[PDB]
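Asks: Pasting a structure here, questions to come.
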Amino acid sequence: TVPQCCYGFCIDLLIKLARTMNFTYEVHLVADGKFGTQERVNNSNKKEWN
Amino acid sequence: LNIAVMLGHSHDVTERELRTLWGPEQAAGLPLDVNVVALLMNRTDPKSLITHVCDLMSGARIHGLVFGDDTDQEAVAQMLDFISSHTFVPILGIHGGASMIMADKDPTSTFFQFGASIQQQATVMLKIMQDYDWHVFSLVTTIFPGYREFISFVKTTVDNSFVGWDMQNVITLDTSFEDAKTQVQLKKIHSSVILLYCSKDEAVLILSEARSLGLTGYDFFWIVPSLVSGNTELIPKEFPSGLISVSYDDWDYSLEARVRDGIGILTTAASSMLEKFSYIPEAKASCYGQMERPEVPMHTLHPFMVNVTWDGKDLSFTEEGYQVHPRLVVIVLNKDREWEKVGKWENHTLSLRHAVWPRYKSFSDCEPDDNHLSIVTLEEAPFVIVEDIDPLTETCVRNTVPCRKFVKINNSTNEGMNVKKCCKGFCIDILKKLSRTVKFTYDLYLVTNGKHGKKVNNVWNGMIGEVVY
Amino acid sequence: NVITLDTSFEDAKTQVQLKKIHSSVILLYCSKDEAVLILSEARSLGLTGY
Amino acid sequence: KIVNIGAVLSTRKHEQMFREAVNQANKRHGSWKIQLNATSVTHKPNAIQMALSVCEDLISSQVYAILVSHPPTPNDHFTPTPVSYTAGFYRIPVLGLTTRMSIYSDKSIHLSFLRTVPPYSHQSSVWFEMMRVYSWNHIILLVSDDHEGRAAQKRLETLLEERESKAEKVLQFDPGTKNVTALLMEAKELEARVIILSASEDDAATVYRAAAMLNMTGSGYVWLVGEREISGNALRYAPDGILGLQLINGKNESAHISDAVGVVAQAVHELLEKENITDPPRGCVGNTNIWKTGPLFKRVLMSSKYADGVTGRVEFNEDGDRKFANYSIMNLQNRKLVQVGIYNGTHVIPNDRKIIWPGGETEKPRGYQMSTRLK
Ligand SMILES: *[C@@H]1O[C@H](CO)[C@@H](O)[C@H](O)[C@H]1NC(C)=O
Ligand SMILES: *[C@@H]1O[C@H](CO)[C@@H](O)[C@H](O)[C@H]1NC(C)=O
Ligand SMILES: *[C@@H]1O[C@H](CO)[C@@H](O)[C@H](O)[C@H]1NC(C)=O
Ligand SMILES: *[C@@H]1O[C@H](CO)[C@@H](O)[C@H](O)[C@H]1NC(C)=O
Ligand SMILES: *[C@@H]1O[C@H](CO)[C@@H](O)[C@H](O)[C@H]1NC(C)=O
Ligand SMILES: *[C@@H]1O[C@H](CO)[C@@H](O)[C@H](O)[C@H]1NC(C)=O
Ligand SMILES: *[C@@H]1O[C@H](CO)[C@@H](O)[C@H](O)[C@H]1NC(C)=O
Ligand SMILES: *[C@@H]1O[C@H](CO)[C@@H](O)[C@H](O)[C@H]1NC(C)=O
């Protein structure tokens with residue numbers, strides 16, 4: 001979990017929101033790099049989001 | 001080392017005693033061979049049980065007792081739970097009053113019955129309905145202890161599934177003997193398949209009200225749990241035919257088989273204890289009474305019985321004391337008011353069916369019906385394409401209808417199993433439109449006798465021949 | 001189809017023919033004397049809704 | 001119409017005073033008919049001896065109800081399980097004195113068990129009323145792994161789900177564990193700052209010690225503690241600002257037993273007009289039968305309301321326990337117990353005395369602390 005430096009489009013909106021209202025935000029990156037939907041694992045009778 | 005078993009006037013005593021003695025002597029050689037002390041008492045009384053406990057503890061420190069019974073009384077198991085907890089003697093549940101597991105045993109008790117929990121019945125019913133593709137749900141319940149948690153479990157199980165069952169609200173009766181409020185709540189009763197979680201006494205009046213409203217039709221279905229259908233010999237005239245019930249009976253496992261399984265489990269537990277510890281369990285100095293402090297210096301058998309393997313089958317138990325692989329046979333009411341097996345459940349917690357669809361007929365009233373119209377369809381035409389069921393915990397896609405095909409086992413053994421498949425195509429869409437317009441259920445059949453057919457020897461073959469016949 | 005009552009004072013056949021009673025607007029061609037019992041049965045079934 | 005009723009009582013003086021109480025209850029307003037005898041027994045520790053004595057005395061004396069009192073030793077549990085099990089063979093109703101265990105509330109395990117005291121699960125209504133009057137929305141629940149705790153949390157969830165409100169977190173404890181630092185830190189790392197405690201006395205004491213160690217007794221926190229979790233070492237180890245619940249008329253053996261015997265006498269007098277009465281056998285050996293009048297007794301007990309007695313009214317719920325009990329608000333001020341309200345029927349009945357809060361605050365705090373920390 002090395003420190004990266006992400007910037008782009010949504011960062012401006014996030015900064016605007018933090019300026020309008022008091023926010024202390026920390027960004028994170030998903031390990032699998034997927035949006036996340038319903039998946040099937042062992043004991044397939046389970047509906048969990050990844 | 002010392003095992004005791006009791007039965008009430010079941011059969012001849014000496015032959016059963018000899019068989020039980022021979023039981024552990026056929027195999028499973030262990031340094032401390034277990035003995036059998038079999039006694040036949042027809043009386044089930046508290047102080048009689050206390051005297052039996054005193055006799056067994058004075059009888060070479062009987063390590064465990066197997067309790068058998070003939071009557072159907074749930075209070076016997078409740079009374080015996082306290083005795084088992086106090087005497088520090090494990091007791092197994094066999095057919096009889098203690099066969100059913102309803103009360104929750106104390107954590108310090110050593111009671112483990114052969115019965116099945118309600119949750120297992122719920123998932124068995126869910127599997128049966130999934131096989132029947134009965135997505136319509138209707139839960140009619142009455143105020144009884146433990147039903148609210150069962151409803152919570154069944155809803156948190158159904159909503160977790162990917163099938164997408166109906167989410168009809170539970171139609172809970174306010175109280176028994178309602179001559180007016182039942183008609184008020186009758187508005188919410190609008191479905192096809194109704195699940196009934198009630199008692200045997202009120203089941204008669206519930207079914208009478210259903211008959212008055214007319215729920216005994218071919219399209220309507222009823223599922224009754226094991227507690228209501230406790231006795232298969234007492235069949236009231238108000239029970240409609242085609243009812244689906246799940247229970248367990250001696251039709252597939254006799255008393256000899258059950259006691260064999262019990263003694264095998266006891267021997268495996270004793271062997272595990274001897275492998276782990278090097279102490280012989282001993283009973284209390286006094287069989288009953290509270291004169292000294294309650295202490296259990298020796299570890300119990302709860303962790304030893306987690307892993308049990310006997311005769312190639314893992315007859316293990318869970319933390320709550322439930323069988324991992326119970327019997328859970330399925331019984332459907334016969335035309336002449338009998339019960340027959342239509343599938344088992346011991347096959348690695350899977351579902352088995354004998355492929356018998358039409359078994360429902362109205363008997364409370366007389367009303368013929370012919371909505372079940374069979375339809376025969378081919379496979380070679382591009383307008384209808386068949387697909388195998390995907391082994392991904394789901395039957396098939398939602399945009400199709402079930403169909404059946406006969407597949408011969410070999411090139412000479414003519415025997416076709418009714419494999420369940422889903423047929424999709426343009427003709428399937430036409431059939432769906434016709435079903436939604438005319439409002440009649442339509443079945444599906446697949447051609448297996450060659451091509452369409454032609455007039456040969458003044459005999460029609462194929463689909464045309466089936467239509468003519 | 002017309003839901004024609006067989007005869008008056010039916011404590012069981014009315015519940016049998018109740019299956020055909022599934023609609024919103026009901027036309028009642030009956031008499032005043034039997035109208036009371038018809039409306040009582042409707043109230044029992046719950047036909048007094050908005 | 002001559003019957004005998006057996007009783008299980010603590011000491012000889014209590015036995016004779018209850019005998020004279022039931023005699024005068026026979027001689028009071030309910031009279032002018034065939035009377036009934038009186039039988040009493042002690043809570044003898046020997047289980048087999050007490051069971052055989054109960055059989056020989058009560059069962060041979062045509063008993064229709066069982067009078068079971070609280071054990072003479074509060075320290076020892078002495079749960080009235082064997083008596084209920086014996087009475088369940090013939091569906092014989094019993095009348096517990098002060099058994100508040102939630103296991104007896106369930107009718108599946110104990111087919112015939114009646115009592116005039118609500119269990120700990122009935123405190124869910126009081127907690128819900130407190131939340132409604134104090135406008136609490138974000139709460140957490142601390143329940144130990146036990147049947148009573150599971151019943152209480154299920155009751156709380158069922159009572160709270162009607163308003164579409166859900167607790168942020170529900171933690172679990174164990175009967176014997178002493179390390180709850182991780183669970184306490186998890187509870188602290190939450191928006192809610194109100195704690196509801198329902199567990200054994202030792203577990204409550206150790207979790208309160210851990211909370212005091214981690215500075216959880218400061219300002220901005222509200223503690224809700226059950227009835228049995230405030231006594232014992234809790235009073236010594238708990239400073240001021242801790243709320244609690246106390247039951248009015250919770251421990252009055254004479255009054256409760258008098259009310260119970262009056263209720264059962266009126267019920268049996270009303271039911272004696274029935275066509276048939278089931279007679280128990282002279283001994284509990286060799287007889288295996290069920291009473292046709294068992295369900296009749298249960299129905300007549302459920303459907304009977306008693307507005308006359310020591311309490312304002314006596315009625316039974318679906319579980320058969322007492323309904324609409326008297327709940328008194330209990331507060332700890334200067335290491336002393338202070339009552340700041342009585343809830344006769346779970347209504348808004350406050351008092352003029354000011355309610356103190358942990359950390360010396362004199363005003364009601366709020367559980368909304370977003371902290372502007374959004375990952
Ligand atoms: C919250 O935002 C307001 C914006 O006017 C600012 O004045 C205030 O100091 C902020 N509070 C905190 C704790 O950051
Ligand atoms: C105990 O259970 C484990 C669980 O996998 C199993 O591997 C092991 O063989 C069992 N041992 C005995 C003696 O049953
Ligand atoms: C098709 O016709 C041939 C005649 O050439 C006949 O031998 C065969 O059995 C027929 N097949 C079917 C399936 O009818
Ligand atoms: C009532 O109880 C028994 C009869 O069952 C008897 O021994 C006792 O003397 C009776 N008491 C009176 C006052 O008659
Ligand atoms: C409790 O467990 C934690 C583990 O996070 C440990 O750091 C702490 O020392 C333990 N406390 C005691 C008293 O054992
Ligand atoms: C609690 O407060 C004291 C002083 O008030 C402080 O020394 C201690 O570190 C605090 N503990 C925690 C866990 O915040
Ligand atoms: C309980 O109340 C009754 C009547 O209200 C009274 O006679 C009895 O003494 C009280 N109990 C105690 C322990 O004071
Ligand atoms: C209970 O207290 C309320 C006050 O909120 C009162 O209105 C009601 O009459 C009381 N009921 C009884 C039975 O004392």
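For the structure tokens, the naming scheme is as follows: chains receive sequential letters (A, B, ...) according to their order of presentation, residues are indexed from 1 within each chain, and ligands are indexed from 1 in presentation order.
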Compute the chain B side of the contact with chain D at 9 Å, counting only C-alpha atoms, and hand it back as a list in words.

Replies: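 Those within range of chain D come out as residues 42, 43, 44, 45, 46, 47, 48, 50, 73, 75, 76, 78, 79, 82, 102, 103, 104, 143, 144, 145, 146, 149, 287, 288, 289, 290 and 291 of chain B.
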
Asks: Could the residues in this selection be written to a file with C-alpha atoms, as a PDB file, in the first residue's frame?

Replies:
ATOM      1  CA  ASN B  42     -43.555 -50.319  29.283  1.00  0.00           C
ATOM      2  CA  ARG B  43     -43.876 -47.575  31.928  1.00  0.00           C
ATOM      3  CA  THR B  44     -42.523 -44.060  31.301  1.00  0.00           C
ATOM      4  CA  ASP B  45     -42.513 -42.357  34.706  1.00  0.00           C
ATOM      5  CA  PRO B  46     -40.177 -39.832  36.365  1.00  0.00           C
ATOM      6  CA  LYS B  47     -39.209 -41.846  39.445  1.00  0.00           C
ATOM      7  CA  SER B  48     -39.048 -45.001  37.319  1.00  0.00           C
ATOM      8  CA  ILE B  50     -34.631 -42.141  38.281  1.00  0.00           C
ATOM      9  CA  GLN B  73     -45.187 -37.190  23.686  1.00  0.00           C
ATOM     10  CA  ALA B  75     -42.766 -33.732  27.213  1.00  0.00           C
ATOM     11  CA  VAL B  76     -40.701 -36.928  27.542  1.00  0.00           C
ATOM     12  CA  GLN B  78     -38.074 -32.164  27.809  1.00  0.00           C
ATOM     13  CA  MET B  79     -38.059 -34.151  31.058  1.00  0.00           C
ATOM     14  CA  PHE B  82     -32.796 -32.201  32.636  1.00  0.00           C
ATOM     15  CA  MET B 102     -38.336 -29.044  19.428  1.00  0.00           C
ATOM     16  CA  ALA B 103     -37.041 -27.680  22.740  1.00  0.00           C
ATOM     17  CA  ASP B 104     -33.625 -26.021  22.943  1.00  0.00           C
ATOM     18  CA  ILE B 143     -49.196 -17.312  16.877  1.00  0.00           C
ATOM     19  CA  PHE B 144     -47.045 -20.172  18.196  1.00  0.00           C
ATOM     20  CA  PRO B 145     -43.658 -20.162  19.950  1.00  0.00           C
ATOM     21  CA  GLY B 146     -40.656 -19.999  17.646  1.00  0.00           C
ATOM     22  CA  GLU B 149     -37.725 -16.613  14.070  1.00  0.00           C
ATOM     23  CA  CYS B 287     -27.778 -40.847  40.721  1.00  0.00           C
ATOM     24  CA  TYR B 288     -30.015 -37.888  41.584  1.00  0.00           C
ATOM     25  CA  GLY B 289     -30.151 -35.095  44.130  1.00  0.00           C
ATOM     26  CA  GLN B 290     -28.209 -31.929  44.950  1.00  0.00           C
ATOM     27  CA  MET B 291     -25.980 -32.425  47.999  1.00  0.00           C
TER      28      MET B 291
END

Asks: Could you list, as a short mmCIF file (atom, residue, chain, number, x, y, z; two decimals) with N, CA, C and O atoms, in the first residue's frame, all residues that come within 9 Å of ligand 4? Count only C-alpha atoms and all ligand atoms.

Replies:
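Wrote it out as pocket17.cif, contents follow:
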data_model
loop_
_atom_site.label_atom_id
_atom_site.label_comp_id
_atom_site.auth_asym_id
_atom_site.auth_seq_id
_atom_site.Cartn_x
_atom_site.Cartn_y
_atom_site.Cartn_z
N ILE D 2 -64.46 -30.97 46.48
CA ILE D 2 -63.37 -30.86 47.44
C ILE D 2 -62.07 -31.18 46.72
O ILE D 2 -61.88 -32.29 46.22
N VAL D 3 -61.17 -30.20 46.66
CA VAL D 3 -59.89 -30.34 45.99
C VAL D 3 -58.79 -29.81 46.91
O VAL D 3 -59.04 -29.06 47.85
N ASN D 4 -57.57 -30.23 46.62
CA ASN D 4 -56.39 -29.80 47.36
C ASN D 4 -55.38 -29.19 46.40
O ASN D 4 -55.20 -29.69 45.28
N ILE D 5 -54.75 -28.10 46.82
CA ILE D 5 -53.76 -27.39 46.02
C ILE D 5 -52.43 -27.42 46.75
O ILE D 5 -52.34 -27.00 47.91
N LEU D 36 -61.82 -25.60 49.60
CA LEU D 36 -60.72 -26.44 49.18
C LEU D 36 -59.65 -26.47 50.26
O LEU D 36 -59.54 -25.56 51.08
N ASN D 37 -58.85 -27.54 50.25
CA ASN D 37 -57.80 -27.72 51.23
C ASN D 37 -56.55 -26.93 50.83
O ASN D 37 -56.52 -26.24 49.81
N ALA D 38 -55.51 -27.03 51.66
CA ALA D 38 -54.25 -26.35 51.41
C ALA D 38 -53.09 -27.32 51.67
O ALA D 38 -53.11 -28.07 52.65
N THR D 39 -52.09 -27.28 50.79
CA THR D 39 -50.91 -28.12 50.92
C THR D 39 -49.68 -27.30 50.57
O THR D 39 -49.68 -26.55 49.59
N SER D 60 -51.46 -37.14 44.38
CA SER D 60 -52.51 -37.91 45.03
C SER D 60 -53.60 -37.05 45.64
O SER D 60 -54.61 -37.59 46.11
N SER D 61 -53.44 -35.72 45.64
CA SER D 61 -54.39 -34.82 46.28
C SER D 61 -55.21 -34.01 45.28
O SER D 61 -55.77 -32.98 45.64
N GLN D 62 -55.29 -34.47 44.03
CA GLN D 62 -56.13 -33.84 43.00
C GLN D 62 -55.78 -32.37 42.80
O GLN D 62 -56.65 -31.50 42.77
#

Asks: Residues near region 43-46 of chain A, anyone? I mean within 9 Å using only C-alpha atoms, not counting same-chain ones fewer than 2 positions away, as a PyMOL selection string.

Replies: (chain A and resi 39-41+48) or (chain B and resi 157+160-162+392-393)

Asks: Which residues of chain B come within 6 Å of ligand 2, and what is each one's closest atom pair and distance in Å (one decimal), counting only C-alpha atoms and all ligand atoms, sorted by chain and residue number, as CSV?

Replies:
residue,atom,partner,partner_atom_place_in_ligand_line,distance
B:272,CA,ligand 2,13 (C),5.5
B:307,CA,ligand 2,14 (O),4.4
B:308,CA,ligand 2,14 (O),5.4

Asks: My list of candidates is B:234, B:180, B:324, B:384. Which is closest to chain C when distances are computed with only C-alpha atoms?

Replies: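 Closest candidate: B:180.
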
Asks: Output the contact residues of chain A with respect to chain D at a cut-off of 12 Å, based on only C-alpha atoms, as a PyMOL selection string.

Replies: chain A and resi 14+18+21-29

Asks: If you measure from CA of residue 7 (chain A) to atom 1 (C, counted along the ligand's line) of ligand 1, what distance in Å do you get, rounded to one decimal?

Replies: 24.9 Å
